[PDB]
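Here is my_file.csv, consisting of CSV, N, CA, C and O atoms:
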chain,number,residue,atom,x,y,z
A,1,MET,N,2.2,-19.1,-10.1
A,1,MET,CA,3.4,-18.4,-9.6
A,1,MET,C,3.3,-16.9,-9.7
A,1,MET,O,2.5,-16.4,-10.5
A,2,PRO,N,4.0,-16.2,-8.8
A,2,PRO,CA,4.0,-14.7,-8.8
A,2,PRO,C,4.4,-14.0,-10.1
A,2,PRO,O,5.3,-14.4,-10.8
A,3,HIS,N,3.8,-12.9,-10.3
A,3,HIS,CA,4.2,-12.0,-11.4
A,3,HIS,C,4.9,-10.8,-10.7
A,3,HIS,O,5.0,-10.8,-9.5
A,4,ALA,N,5.4,-9.9,-11.5
A,4,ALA,CA,5.9,-8.7,-10.9
A,4,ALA,C,4.7,-7.8,-10.5
A,4,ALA,O,3.5,-8.1,-10.9
A,5,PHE,N,5.0,-6.9,-9.6
A,5,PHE,CA,4.0,-5.9,-9.1
A,5,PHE,C,3.4,-5.1,-10.3
A,5,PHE,O,4.1,-4.8,-11.3
A,6,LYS,N,2.1,-4.9,-10.2
A,6,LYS,CA,1.4,-4.1,-11.3
A,6,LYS,C,0.5,-3.1,-10.6
A,6,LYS,O,0.0,-3.4,-9.5
A,7,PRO,N,0.0,-2.0,-11.2
A,7,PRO,CA,-1.0,-1.1,-10.7
A,7,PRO,C,-2.2,-1.9,-10.3
A,7,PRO,O,-2.7,-2.7,-11.0
A,8,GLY,N,-2.8,-1.6,-9.1
A,8,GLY,CA,-4.0,-2.2,-8.6
A,8,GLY,C,-3.6,-3.3,-7.6
A,8,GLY,O,-4.5,-3.6,-6.8
A,9,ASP,N,-2.4,-3.8,-7.6
A,9,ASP,CA,-2.1,-4.8,-6.5
A,9,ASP,C,-2.2,-4.2,-5.1
A,9,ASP,O,-1.8,-3.1,-4.9
A,10,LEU,N,-2.6,-5.0,-4.2
A,10,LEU,CA,-2.9,-4.6,-2.8
A,10,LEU,C,-1.7,-5.2,-2.0
A,10,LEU,O,-1.4,-6.4,-2.2
A,11,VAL,N,-1.2,-4.4,-1.1
A,11,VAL,CA,0.0,-4.7,-0.3
A,11,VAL,C,-0.1,-4.2,1.2
A,11,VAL,O,-1.0,-3.3,1.5
A,12,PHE,N,0.8,-4.7,2.0
A,12,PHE,CA,1.2,-3.9,3.1
A,12,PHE,C,2.6,-3.4,2.7
A,12,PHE,O,3.4,-4.2,2.3
A,13,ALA,N,2.8,-2.1,2.9
A,13,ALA,CA,4.1,-1.4,2.5
A,13,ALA,C,4.8,-1.0,3.8
A,13,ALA,O,4.2,-0.4,4.7
A,14,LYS,N,6.1,-1.3,3.8
A,14,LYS,CA,6.9,-1.0,5.0
A,14,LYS,C,7.8,0.2,4.7
A,14,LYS,O,8.6,0.2,3.8
A,15,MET,N,7.7,1.3,5.6
A,15,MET,CA,8.6,2.4,5.7
A,15,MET,C,9.3,2.3,7.1
A,15,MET,O,8.6,1.9,8.1
A,16,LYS,N,10.5,2.7,7.2
A,16,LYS,CA,11.3,2.7,8.4
A,16,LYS,C,10.5,3.6,9.4
A,16,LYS,O,10.0,4.6,9.1
A,17,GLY,N,10.4,3.1,10.7
A,17,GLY,CA,9.7,3.8,11.7
A,17,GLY,C,8.2,3.7,11.7
A,17,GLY,O,7.5,4.2,12.6
A,18,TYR,N,7.6,3.0,10.7
A,18,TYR,CA,6.2,2.8,10.7
A,18,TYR,C,5.8,1.4,10.6
A,18,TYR,O,6.6,0.6,10.1
A,19,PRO,N,4.6,0.9,11.1
A,19,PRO,CA,4.2,-0.5,11.0
A,19,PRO,C,3.9,-0.7,9.5
A,19,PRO,O,3.6,0.2,8.8
A,20,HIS,N,4.0,-2.0,9.1
A,20,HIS,CA,3.5,-2.4,7.8
A,20,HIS,C,2.1,-1.9,7.5
A,20,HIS,O,1.2,-2.1,8.3
A,21,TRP,N,1.9,-1.2,6.4
A,21,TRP,CA,0.8,-0.3,6.3
A,21,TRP,C,0.0,-0.7,5.1
A,21,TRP,O,0.5,-0.9,4.0
A,22,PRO,N,-1.4,-0.8,5.2
A,22,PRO,CA,-2.2,-1.1,4.0
A,22,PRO,C,-2.0,-0.1,2.9
A,22,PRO,O,-2.1,1.1,3.1
A,23,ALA,N,-1.8,-0.6,1.7
A,23,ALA,CA,-1.5,0.3,0.6
A,23,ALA,C,-1.8,-0.4,-0.8
A,23,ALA,O,-2.1,-1.6,-0.8
A,24,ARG,N,-1.7,0.4,-1.9
A,24,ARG,CA,-1.8,-0.2,-3.2
A,24,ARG,C,-0.7,0.3,-4.1
A,24,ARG,O,-0.2,1.4,-3.9
A,25,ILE,N,-0.4,-0.5,-5.2
A,25,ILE,CA,0.4,0.1,-6.2
A,25,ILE,C,-0.5,1.0,-7.1
A,25,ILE,O,-1.5,0.5,-7.6
A,26,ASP,N,-0.1,2.2,-7.2
A,26,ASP,CA,-0.9,3.2,-8.0
A,26,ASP,C,-0.4,3.1,-9.5
A,26,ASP,O,0.6,2.7,-9.8
A,27,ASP,N,-1.3,3.7,-10.3
A,27,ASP,CA,-0.9,4.0,-11.7
A,27,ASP,C,-0.2,5.3,-11.6
A,27,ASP,O,-0.3,6.0,-10.6
A,28,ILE,N,0.4,5.7,-12.7
A,28,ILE,CA,0.9,7.1,-12.8
A,28,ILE,C,0.0,7.7,-13.9
A,28,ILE,O,-0.1,7.1,-15.0
A,29,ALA,N,-0.6,8.8,-13.6
A,29,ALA,CA,-1.5,9.6,-14.5
A,29,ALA,C,-0.6,10.2,-15.6
A,29,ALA,O,0.6,10.5,-15.4
A,30,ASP,N,-1.2,10.3,-16.8
A,30,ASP,CA,-0.5,11.1,-17.8
A,30,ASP,C,-0.1,12.4,-17.2
A,30,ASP,O,-0.8,13.1,-16.5
A,31,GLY,N,1.1,12.8,-17.5
A,31,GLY,CA,1.7,14.1,-17.1
A,31,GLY,C,2.2,14.2,-15.7
A,31,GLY,O,2.6,15.2,-15.2
A,32,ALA,N,2.0,13.1,-14.9
A,32,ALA,CA,2.4,13.1,-13.5
A,32,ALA,C,3.8,12.7,-13.3
A,32,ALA,O,4.4,12.0,-14.2
A,33,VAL,N,4.4,13.1,-12.2
A,33,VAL,CA,5.8,12.7,-11.8
A,33,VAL,C,5.9,11.2,-11.7
A,33,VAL,O,5.2,10.5,-11.0
A,34,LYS,N,6.9,10.6,-12.4
A,34,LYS,CA,7.2,9.2,-12.4
A,34,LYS,C,8.1,8.8,-11.3
A,34,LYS,O,8.9,9.6,-10.8
A,35,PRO,N,8.1,7.6,-10.8
A,35,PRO,CA,9.0,7.2,-9.7
A,35,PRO,C,10.4,7.0,-10.3
A,35,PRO,O,10.6,6.8,-11.5
A,36,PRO,N,11.4,6.9,-9.4
A,36,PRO,CA,12.7,6.5,-9.8
A,36,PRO,C,12.7,5.1,-10.4
A,36,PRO,O,11.8,4.3,-10.1
A,37,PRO,N,13.8,4.7,-11.1
A,37,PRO,CA,13.9,3.3,-11.6
A,37,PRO,C,13.8,2.3,-10.4
A,37,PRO,O,14.2,2.6,-9.3
A,38,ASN,N,13.2,1.1,-10.7
A,38,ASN,CA,13.0,0.0,-9.8
A,38,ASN,C,12.1,0.4,-8.7
A,38,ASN,O,12.0,-0.5,-7.8
A,39,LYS,N,11.5,1.5,-8.7
A,39,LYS,CA,10.5,1.9,-7.6
A,39,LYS,C,9.1,2.0,-8.2
A,39,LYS,O,8.9,2.1,-9.4
A,40,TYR,N,8.1,1.8,-7.2
A,40,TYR,CA,6.7,1.8,-7.6
A,40,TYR,C,6.1,3.0,-6.8
A,40,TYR,O,6.4,3.3,-5.7
A,41,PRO,N,5.0,3.6,-7.4
A,41,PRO,CA,4.3,4.6,-6.6
A,41,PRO,C,3.3,3.8,-5.7
A,41,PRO,O,2.5,3.1,-6.2
A,42,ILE,N,3.5,4.0,-4.4
A,42,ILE,CA,2.7,3.4,-3.4
A,42,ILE,C,1.7,4.4,-2.8
A,42,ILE,O,2.1,5.4,-2.1
A,43,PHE,N,0.4,4.0,-2.8
A,43,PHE,CA,-0.6,4.9,-2.2
A,43,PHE,C,-1.0,4.2,-0.9
A,43,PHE,O,-1.4,3.1,-0.9
A,44,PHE,N,-0.8,4.9,0.2
A,44,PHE,CA,-1.1,4.4,1.5
A,44,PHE,C,-2.5,4.7,1.9
A,44,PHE,O,-3.0,5.9,1.9
A,45,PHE,N,-3.3,3.7,2.2
A,45,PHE,CA,-4.7,3.9,2.6
A,45,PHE,C,-4.7,4.6,3.9
A,45,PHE,O,-3.8,4.6,4.7
A,46,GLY,N,-5.8,5.4,4.2
A,46,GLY,CA,-6.0,6.0,5.5
A,46,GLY,C,-5.3,7.4,5.4
A,46,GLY,O,-6.0,8.4,5.5
A,47,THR,N,-4.0,7.4,5.3
A,47,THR,CA,-3.3,8.7,5.2
A,47,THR,C,-3.4,9.3,3.8
A,47,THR,O,-3.3,10.6,3.7
A,48,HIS,N,-3.6,8.5,2.8
A,48,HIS,CA,-3.7,8.9,1.4
A,48,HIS,C,-2.5,9.6,1.0
A,48,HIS,O,-2.5,10.4,0.0
A,49,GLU,N,-1.3,9.1,1.5
A,49,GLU,CA,-0.1,9.7,1.0
A,49,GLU,C,0.6,8.7,0.0
A,49,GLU,O,0.2,7.6,-0.1
A,50,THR,N,1.5,9.3,-0.8
A,50,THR,CA,2.2,8.5,-1.8
A,50,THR,C,3.7,8.5,-1.4
A,50,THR,O,4.3,9.6,-1.1
A,51,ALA,N,4.4,7.3,-1.4
A,51,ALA,CA,5.8,7.2,-1.4
A,51,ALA,C,6.3,6.3,-2.5
A,51,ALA,O,5.5,5.5,-3.1
A,52,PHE,N,7.6,6.3,-2.8
A,52,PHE,CA,8.1,5.4,-3.8
A,52,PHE,C,8.9,4.3,-3.2
A,52,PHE,O,9.8,4.6,-2.4
A,53,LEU,N,8.5,3.1,-3.4
A,53,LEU,CA,9.2,2.0,-2.7
A,53,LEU,C,9.5,0.9,-3.7
A,53,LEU,O,8.9,0.7,-4.8
A,54,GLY,N,10.5,0.1,-3.3
A,54,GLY,CA,10.8,-1.1,-4.1
A,54,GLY,C,10.2,-2.4,-3.5
A,54,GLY,O,9.7,-2.3,-2.3
A,55,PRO,N,10.2,-3.5,-4.2
A,55,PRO,CA,9.6,-4.8,-3.8
A,55,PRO,C,10.0,-5.3,-2.4
A,55,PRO,O,9.2,-6.0,-1.8
A,56,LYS,N,11.2,-4.9,-2.0
A,56,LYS,CA,11.7,-5.4,-0.7
A,56,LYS,C,10.8,-4.9,0.5
A,56,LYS,O,10.7,-5.6,1.5
A,57,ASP,N,10.0,-3.8,0.2
A,57,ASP,CA,9.2,-3.2,1.3
A,57,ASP,C,7.7,-3.5,1.0
A,57,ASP,O,6.9,-2.9,1.6
A,58,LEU,N,7.4,-4.4,0.0
A,58,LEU,CA,6.0,-4.7,-0.4
A,58,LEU,C,5.6,-6.1,-0.2
A,58,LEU,O,6.2,-7.1,-0.7
A,59,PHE,N,4.6,-6.2,0.7
A,59,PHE,CA,4.1,-7.6,1.1
A,59,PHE,C,2.7,-7.8,0.6
A,59,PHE,O,1.8,-7.1,0.9
A,60,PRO,N,2.5,-8.8,-0.3
A,60,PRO,CA,1.2,-9.0,-0.9
A,60,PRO,C,0.1,-9.1,0.1
A,60,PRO,O,0.3,-9.7,1.2
A,61,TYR,N,-1.1,-8.4,-0.1
A,61,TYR,CA,-2.0,-8.3,1.0
A,61,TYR,C,-2.6,-9.6,1.5
A,61,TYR,O,-2.7,-9.8,2.7
A,62,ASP,N,-3.0,-10.5,0.5
A,62,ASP,CA,-3.7,-11.7,0.8
A,62,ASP,C,-2.9,-12.6,1.8
A,62,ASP,O,-3.4,-12.9,2.8
A,63,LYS,N,-1.6,-12.8,1.4
A,63,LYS,CA,-0.7,-13.5,2.2
A,63,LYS,C,-0.4,-13.0,3.6
A,63,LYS,O,-0.2,-13.7,4.5
A,64,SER,N,-0.4,-11.6,3.7
A,64,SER,CA,0.1,-10.9,4.9
A,64,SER,C,-0.9,-10.4,5.9
A,64,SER,O,-0.6,-9.8,6.9
A,65,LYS,N,-2.2,-10.4,5.5
A,65,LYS,CA,-3.2,-9.7,6.3
A,65,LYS,C,-3.4,-10.3,7.7
A,65,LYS,O,-3.7,-9.5,8.6
A,66,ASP,N,-3.2,-11.6,7.8
A,66,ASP,CA,-3.4,-12.2,9.1
A,66,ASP,C,-2.3,-11.7,10.1
A,66,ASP,O,-2.6,-11.6,11.3
A,67,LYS,N,-1.1,-11.4,9.6
A,67,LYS,CA,-0.1,-10.8,10.4
A,67,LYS,C,-0.2,-9.3,10.6
A,67,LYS,O,0.0,-8.8,11.7
A,68,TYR,N,-0.5,-8.6,9.5
A,68,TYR,CA,-0.3,-7.1,9.6
A,68,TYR,C,-1.7,-6.4,9.6
A,68,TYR,O,-1.7,-5.2,9.9
A,69,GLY,N,-2.8,-7.1,9.4
A,69,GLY,CA,-4.1,-6.4,9.3
A,69,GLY,C,-4.8,-6.3,10.6
A,69,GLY,O,-5.9,-6.8,10.7
A,70,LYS,N,-4.2,-5.8,11.6
A,70,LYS,CA,-4.8,-5.6,13.0
A,70,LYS,C,-4.8,-4.1,13.3
A,70,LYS,O,-3.9,-3.4,12.8
A,71,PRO,N,-5.7,-3.6,14.1
A,71,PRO,CA,-5.7,-2.2,14.4
A,71,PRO,C,-4.5,-1.6,15.0
A,71,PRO,O,-3.8,-2.4,15.7
A,72,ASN,N,-4.1,-0.4,14.8
A,72,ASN,CA,-2.9,0.2,15.2
A,72,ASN,C,-3.2,1.6,15.6
A,72,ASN,O,-4.1,2.3,15.1
A,73,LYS,N,-2.5,2.1,16.6
A,73,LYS,CA,-2.8,3.4,17.2
A,73,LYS,C,-2.5,4.6,16.2
A,73,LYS,O,-2.9,5.7,16.4
A,74,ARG,N,-1.7,4.3,15.2
A,74,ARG,CA,-1.1,5.4,14.4
A,74,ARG,C,-2.1,6.1,13.5
A,74,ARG,O,-3.1,5.4,13.0
A,75,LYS,N,-2.0,7.4,13.4
A,75,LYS,CA,-2.9,8.2,12.6
A,75,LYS,C,-3.2,7.6,11.3
A,75,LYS,O,-2.3,7.5,10.5
A,76,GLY,N,-4.5,7.3,11.0
A,76,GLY,CA,-4.9,7.0,9.6
A,76,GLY,C,-4.9,5.4,9.4
A,76,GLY,O,-5.6,5.0,8.5
A,77,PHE,N,-4.3,4.7,10.3
A,77,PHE,CA,-4.1,3.3,10.1
A,77,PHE,C,-5.5,2.5,10.0
A,77,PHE,O,-5.7,1.7,9.1
A,78,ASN,N,-6.4,2.7,11.0
A,78,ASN,CA,-7.6,2.0,11.0
A,78,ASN,C,-8.5,2.4,9.9
A,78,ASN,O,-9.3,1.5,9.3
A,79,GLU,N,-8.5,3.6,9.5
A,79,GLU,CA,-9.2,4.0,8.3
A,79,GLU,C,-8.6,3.3,7.1
A,79,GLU,O,-9.4,2.8,6.2
A,80,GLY,N,-7.3,3.2,7.1
A,80,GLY,CA,-6.6,2.4,6.0
A,80,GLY,C,-7.1,1.0,5.9
A,80,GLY,O,-7.2,0.4,4.8
A,81,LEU,N,-7.2,0.3,7.1
A,81,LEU,CA,-7.7,-1.1,7.1
A,81,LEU,C,-9.1,-1.2,6.4
A,81,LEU,O,-9.4,-2.2,5.7
A,82,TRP,N,-9.9,-0.1,6.7
A,82,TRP,CA,-11.3,-0.2,6.1
A,82,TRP,C,-11.2,-0.1,4.6
A,82,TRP,O,-11.9,-0.8,3.9
A,83,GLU,N,-10.4,0.8,4.1
A,83,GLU,CA,-10.3,1.1,2.7
A,83,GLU,C,-9.8,-0.1,2.0
A,83,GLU,O,-10.4,-0.5,0.9
A,84,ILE,N,-8.7,-0.7,2.5
A,84,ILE,CA,-8.1,-1.8,1.7
A,84,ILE,C,-9.1,-3.0,1.6
A,84,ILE,O,-9.1,-3.7,0.6
A,85,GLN,N,-9.9,-3.2,2.7
A,85,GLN,CA,-10.9,-4.3,2.7
A,85,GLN,C,-12.2,-4.0,1.9
A,85,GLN,O,-12.7,-5.0,1.3
A,86,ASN,N,-12.6,-2.8,2.0
A,86,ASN,CA,-14.0,-2.4,1.5
A,86,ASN,C,-14.0,-1.7,0.2
A,86,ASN,O,-15.0,-1.8,-0.5
A,87,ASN,N,-13.0,-0.9,-0.1
A,87,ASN,CA,-13.0,-0.2,-1.4
A,87,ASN,C,-11.6,0.2,-1.8
A,87,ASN,O,-11.2,1.3,-2.0
A,88,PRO,N,-10.8,-0.9,-2.1
A,88,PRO,CA,-9.4,-0.6,-2.3
A,88,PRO,C,-9.0,0.0,-3.7
A,88,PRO,O,-7.9,0.5,-3.8
A,89,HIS,N,-10.0,0.1,-4.6
A,89,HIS,CA,-9.7,0.6,-5.9
A,89,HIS,C,-10.5,1.9,-6.2
A,89,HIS,O,-10.4,2.4,-7.3
A,90,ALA,N,-11.0,2.5,-5.2
A,90,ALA,CA,-11.7,3.8,-5.3
A,90,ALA,C,-10.7,5.0,-5.5
A,90,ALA,O,-9.5,4.9,-5.2
A,91,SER,N,-11.3,6.1,-6.0
A,91,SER,CA,-10.6,7.4,-6.0
A,91,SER,C,-10.6,8.0,-4.6
A,91,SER,O,-11.7,8.1,-4.0
A,92,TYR,N,-9.4,8.3,-4.0
A,92,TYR,CA,-9.3,8.9,-2.7
A,92,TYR,C,-8.7,10.3,-2.8
A,92,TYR,O,-8.4,10.9,-1.8
A,93,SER,N,-8.6,10.8,-4.0
A,93,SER,CA,-8.1,12.2,-4.2
A,93,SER,C,-9.2,13.2,-4.0
A,93,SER,O,-10.4,12.8,-4.0
Structure rendered as structure tokens:
Amino acid sequence: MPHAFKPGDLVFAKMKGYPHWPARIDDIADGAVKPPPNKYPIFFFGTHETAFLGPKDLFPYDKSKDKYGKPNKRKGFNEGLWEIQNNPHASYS
């Protein structure tokens, strides 16, 4: 059975106006800005941007990849597909 989201989990993350996007739940570094309550720090592959999202916008990657893991014209997206498949736990900073 599912657990709650934890750092390192792989997802497609949904933002309004953008396609479901390859991403991971990030850790929060010592001394770094924390997310609001009930929100997670989402690192988007390809763009390497961070937004704070709740579970309603997080789709576990294994379950969702057949639907959402197809190339997309949007900037950064196809790089993001490579990262999530090939090195999802690397440092991209």
Counting only C-alpha atoms, which residues in range 37-61 of chain A sit no more than 6 Å from range 70-81 of chain A? For each one, give the nearest pair of atoms and the distance in Å, sorted by chain then residue number, as a tab-separated table.
residue	atom	partner	partner_atom	distance
A:45	CA	A:80	CA	4.2
A:46	CA	A:80	CA	3.7
A:47	CA	A:76	CA	5.0
For residue 88 in chain A, work out the shell of residues within 8 Å, counting all atoms listed in the file and skipping chain neighbours fewer than 2 positions away, then give it as a PDB file with N, CA, C and O atoms, in the frame of the given file.
ATOM      1  N   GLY A   8      -2.800  -1.600  -9.100  1.00  0.00           N
ATOM      2  CA  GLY A   8      -4.000  -2.200  -8.600  1.00  0.00           C
ATOM      3  C   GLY A   8      -3.600  -3.300  -7.600  1.00  0.00           C
ATOM      4  O   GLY A   8      -4.500  -3.600  -6.800  1.00  0.00           O
ATOM      5  N   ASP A   9      -2.400  -3.800  -7.600  1.00  0.00           N
ATOM      6  CA  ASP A   9      -2.100  -4.800  -6.500  1.00  0.00           C
ATOM      7  C   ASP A   9      -2.200  -4.200  -5.100  1.00  0.00           C
ATOM      8  O   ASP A   9      -1.800  -3.100  -4.900  1.00  0.00           O
ATOM      9  N   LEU A  10      -2.600  -5.000  -4.200  1.00  0.00           N
ATOM     10  CA  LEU A  10      -2.900  -4.600  -2.800  1.00  0.00           C
ATOM     11  C   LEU A  10      -1.700  -5.200  -2.000  1.00  0.00           C
ATOM     12  O   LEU A  10      -1.400  -6.400  -2.200  1.00  0.00           O
ATOM     13  N   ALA A  23      -1.800  -0.600   1.700  1.00  0.00           N
ATOM     14  CA  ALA A  23      -1.500   0.300   0.600  1.00  0.00           C
ATOM     15  C   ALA A  23      -1.800  -0.400  -0.800  1.00  0.00           C
ATOM     16  O   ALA A  23      -2.100  -1.600  -0.800  1.00  0.00           O
ATOM     17  N   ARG A  24      -1.700   0.400  -1.900  1.00  0.00           N
ATOM     18  CA  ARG A  24      -1.800  -0.200  -3.200  1.00  0.00           C
ATOM     19  C   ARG A  24      -0.700   0.300  -4.100  1.00  0.00           C
ATOM     20  O   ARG A  24      -0.200   1.400  -3.900  1.00  0.00           O
ATOM     21  N   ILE A  25      -0.400  -0.500  -5.200  1.00  0.00           N
ATOM     22  CA  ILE A  25       0.400   0.100  -6.200  1.00  0.00           C
ATOM     23  C   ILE A  25      -0.500   1.000  -7.100  1.00  0.00           C
ATOM     24  O   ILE A  25      -1.500   0.500  -7.600  1.00  0.00           O
ATOM     25  N   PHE A  43       0.400   4.000  -2.800  1.00  0.00           N
ATOM     26  CA  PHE A  43      -0.600   4.900  -2.200  1.00  0.00           C
ATOM     27  C   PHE A  43      -1.000   4.200  -0.900  1.00  0.00           C
ATOM     28  O   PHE A  43      -1.400   3.100  -0.900  1.00  0.00           O
ATOM     29  N   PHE A  45      -3.300   3.700   2.200  1.00  0.00           N
ATOM     30  CA  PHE A  45      -4.700   3.900   2.600  1.00  0.00           C
ATOM     31  C   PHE A  45      -4.700   4.600   3.900  1.00  0.00           C
ATOM     32  O   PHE A  45      -3.800   4.600   4.700  1.00  0.00           O
ATOM     33  N   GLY A  80      -7.300   3.200   7.100  1.00  0.00           N
ATOM     34  CA  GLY A  80      -6.600   2.400   6.000  1.00  0.00           C
ATOM     35  C   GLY A  80      -7.100   1.000   5.900  1.00  0.00           C
ATOM     36  O   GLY A  80      -7.200   0.400   4.800  1.00  0.00           O
ATOM     37  N   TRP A  82      -9.900  -0.100   6.700  1.00  0.00           N
ATOM     38  CA  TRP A  82     -11.300  -0.200   6.100  1.00  0.00           C
ATOM     39  C   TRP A  82     -11.200  -0.100   4.600  1.00  0.00           C
ATOM     40  O   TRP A  82     -11.900  -0.800   3.900  1.00  0.00           O
ATOM     41  N   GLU A  83     -10.400   0.800   4.100  1.00  0.00           N
ATOM     42  CA  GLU A  83     -10.300   1.100   2.700  1.00  0.00           C
ATOM     43  C   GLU A  83      -9.800  -0.100   2.000  1.00  0.00           C
ATOM     44  O   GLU A  83     -10.400  -0.500   0.900  1.00  0.00           O
ATOM     45  N   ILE A  84      -8.700  -0.700   2.500  1.00  0.00           N
ATOM     46  CA  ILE A  84      -8.100  -1.800   1.700  1.00  0.00           C
ATOM     47  C   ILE A  84      -9.100  -3.000   1.600  1.00  0.00           C
ATOM     48  O   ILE A  84      -9.100  -3.700   0.600  1.00  0.00           O
ATOM     49  N   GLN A  85      -9.900  -3.200   2.700  1.00  0.00           N
ATOM     50  CA  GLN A  85     -10.900  -4.300   2.700  1.00  0.00           C
ATOM     51  C   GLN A  85     -12.200  -4.000   1.900  1.00  0.00           C
ATOM     52  O   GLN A  85     -12.700  -5.000   1.300  1.00  0.00           O
ATOM     53  N   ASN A  86     -12.600  -2.800   2.000  1.00  0.00           N
ATOM     54  CA  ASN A  86     -14.000  -2.400   1.500  1.00  0.00           C
ATOM     55  C   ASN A  86     -14.000  -1.700   0.200  1.00  0.00           C
ATOM     56  O   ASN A  86     -15.000  -1.800  -0.500  1.00  0.00           O
ATOM     57  N   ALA A  90     -11.000   2.500  -5.200  1.00  0.00           N
ATOM     58  CA  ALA A  90     -11.700   3.800  -5.300  1.00  0.00           C
ATOM     59  C   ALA A  90     -10.700   5.000  -5.500  1.00  0.00           C
ATOM     60  O   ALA A  90      -9.500   4.900  -5.200  1.00  0.00           O
ATOM     61  N   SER A  91     -11.300   6.100  -6.000  1.00  0.00           N
ATOM     62  CA  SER A  91     -10.600   7.400  -6.000  1.00  0.00           C
ATOM     63  C   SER A  91     -10.600   8.000  -4.600  1.00  0.00           C
ATOM     64  O   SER A  91     -11.700   8.100  -4.000  1.00  0.00           O
ATOM     65  N   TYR A  92      -9.400   8.300  -4.000  1.00  0.00           N
ATOM     66  CA  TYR A  92      -9.300   8.900  -2.700  1.00  0.00           C
ATOM     67  C   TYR A  92      -8.700  10.300  -2.800  1.00  0.00           C
ATOM     68  O   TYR A  92      -8.400  10.900  -1.800  1.00  0.00           O
TER      69      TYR A  92
END
Check: Of the residues A:62, A:26, A:40, A:32, which is the one nearest to residue 89 in chain A, using only C-alpha atoms?
Finding: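 When distances to residue 89 in chain A are compared using only C-alpha atoms, the smallest one comes from A:26.
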Notebook entry, point to check: Given the choices A:13, A:7, A:68, A:56, which gets closest to residue 28 in chain A if the distance is worked out from all atoms listed in the file?
Noted result: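 Result for the nearest residue to residue 28 in chain A: A:7.
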Checklist line | Residue nearest residue 11 in chain A among A:93, A:39, A:60, A:87 (counting all atoms listed in the file) | finding: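 Ranking A:93, A:39, A:60, A:87 by distance to residue 11 in chain A, first place goes to A:60.
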Next item on the list: Can you check which residues of range 2-68 of chain A DSSP gives as helix (DSSP H, G or I) on the backbone and send them as a list in words?
Entry: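 Taking range 2-68 of chain A and keeping helix (DSSP H, G or I) gives residues 55, 56, 57, 61, 62, 63, 64, 65, 66, 67 and 68 of chain A.
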Just to be explicit: take each residue in the selection above, keep N, CA, C and O atoms, and write the result as a compact mmCIF listing (two decimals), in the frame of the given file.
# COMPACT_ATOMS: atom_id res chain seq x y z
N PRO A 55 10.20 -3.50 -4.20
CA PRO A 55 9.60 -4.80 -3.80
C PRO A 55 10.00 -5.30 -2.40
O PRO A 55 9.20 -6.00 -1.80
N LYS A 56 11.20 -4.90 -2.00
CA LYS A 56 11.70 -5.40 -0.70
C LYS A 56 10.80 -4.90 0.50
O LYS A 56 10.70 -5.60 1.50
N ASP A 57 10.00 -3.80 0.20
CA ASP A 57 9.20 -3.20 1.30
C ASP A 57 7.70 -3.50 1.00
O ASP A 57 6.90 -2.90 1.60
N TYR A 61 -1.10 -8.40 -0.10
CA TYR A 61 -2.00 -8.30 1.00
C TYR A 61 -2.60 -9.60 1.50
O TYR A 61 -2.70 -9.80 2.70
N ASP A 62 -3.00 -10.50 0.50
CA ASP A 62 -3.70 -11.70 0.80
C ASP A 62 -2.90 -12.60 1.80
O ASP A 62 -3.40 -12.90 2.80
N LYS A 63 -1.60 -12.80 1.40
CA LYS A 63 -0.70 -13.50 2.20
C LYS A 63 -0.40 -13.00 3.60
O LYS A 63 -0.20 -13.70 4.50
N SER A 64 -0.40 -11.60 3.70
CA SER A 64 0.10 -10.90 4.90
C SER A 64 -0.90 -10.40 5.90
O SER A 64 -0.60 -9.80 6.90
N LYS A 65 -2.20 -10.40 5.50
CA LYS A 65 -3.20 -9.70 6.30
C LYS A 65 -3.40 -10.30 7.70
O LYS A 65 -3.70 -9.50 8.60
N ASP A 66 -3.20 -11.60 7.80
CA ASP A 66 -3.40 -12.20 9.10
C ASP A 66 -2.30 -11.70 10.10
O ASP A 66 -2.60 -11.60 11.30
N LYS A 67 -1.10 -11.40 9.60
CA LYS A 67 -0.10 -10.80 10.40
C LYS A 67 -0.20 -9.30 10.60
O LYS A 67 0.00 -8.80 11.70
N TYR A 68 -0.50 -8.60 9.50
CA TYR A 68 -0.30 -7.10 9.60
C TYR A 68 -1.70 -6.40 9.60
O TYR A 68 -1.70 -5.20 9.90
Checklist line | Filtered DSSP result for chain A, state strand (DSSP E), as a VMD selection string | finding: chain A and resid 10 to 13 21 to 25 40 to 44 49 to 53 58 to 60
Next item on the list: Mind checking which residues fall within 9 Å of residue 4 in chain A, counting only C-alpha atoms, ignoring those fewer than 2 positions away in the same chain, and posting them as JSON, numbers by chain?
Entry: {"A": [2, 6, 55]}
Checklist line | Atomic separation - atom C of residue 49 in chain A relative to atom C of residue 5 in chain A, Å | finding: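 According to the coordinates, atom C of residue 5 in chain A and atom C of residue 49 in chain A are separated by 17.4 Å.
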Check: Quick one, how far is atom C of residue 20 in chain A from CA of residue 50 in chain A?
Finding: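 Between these atoms lies a distance of 14.0 Å.
In this structure, atom O of residue 22 in chain A sits 10.7 Å away from atom C of residue 41 in chain A.
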